[PDB]
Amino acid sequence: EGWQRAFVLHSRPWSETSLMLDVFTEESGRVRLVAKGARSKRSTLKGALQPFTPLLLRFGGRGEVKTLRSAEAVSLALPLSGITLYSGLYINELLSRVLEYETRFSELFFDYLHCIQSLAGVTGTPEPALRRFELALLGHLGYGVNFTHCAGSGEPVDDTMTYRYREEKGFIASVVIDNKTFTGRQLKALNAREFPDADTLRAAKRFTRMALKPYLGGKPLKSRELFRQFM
């Protein structure tokens, strides 16, 4: 490109004067960007190149690592505090683990906007926002779980019936009650990404954990370690 919207996932010192950015861009997908000069007292880059700051970006180069040409912000935003800060950090960690470089995910970018607009305009609780983004993300990664029909038998899910999740398998009606067990009502909540009560929220969390695991593959989440130690 081309001017395009973006958010910074991470920012680190790359040299005496420069930063290395890991950026989520709307049209190019995830890219790594060097910001020359952005460490220097006398650059405006510095204040702008933070997570959760909406950006418009131009950058160039052929390699995996591109070079930032210019960046524009409006809100030098930090919309995000305490539980909601650690939530945003969480979402950026997810994307870091999960997003392949330089694949356009433009719908996902919209989902990330909405999730950010949510985390900004809430006090208690971030969870519906979070669960909704996880599911959009799983969608966009292509996990293809059917929430609304029993796997194999093809039978419609009933609110009050119980079901077991099989990774890679779908949901099947079951009276085995354990940590893979969901309620037809909970499956409907998941399919709608609406969670009107604590019971569906709870079960949403339990599910998205499981479904995300095969994508995080192996290492635990730092941002969880962060919440633990602060709360």
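Numbers for residues come from their place in the sequence shown, where the first is 1.
- Remark: stretch with higher mean C-alpha B factor among 92-100 and 123-131 is 123-131.
- Taking the PDB entry as given, 34-42 carries the higher mean Cα B factor of the two stretches 34-42 and 54-62.
- The PDB entry gives the largest Cα B-factor of the residues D111, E72, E155, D159 to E155.
- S87 sits in the lowest third of its chain by CA B factor, as recorded in the PDB entry.
- The entry lists a Cα temperature factor for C115 that places it in the lowest third of the chain's modelled residues.
- Among all modelled residues in this chain, the alpha-carbon of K222 has a temperature factor (C-alpha) in the highest third.
- In this PDB entry, the Cα temperature factor of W3 sits in the middle third of its chain's modelled residues.
- Sort the modelled residues of the chain by CA B factor and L190 lands in the middle third.
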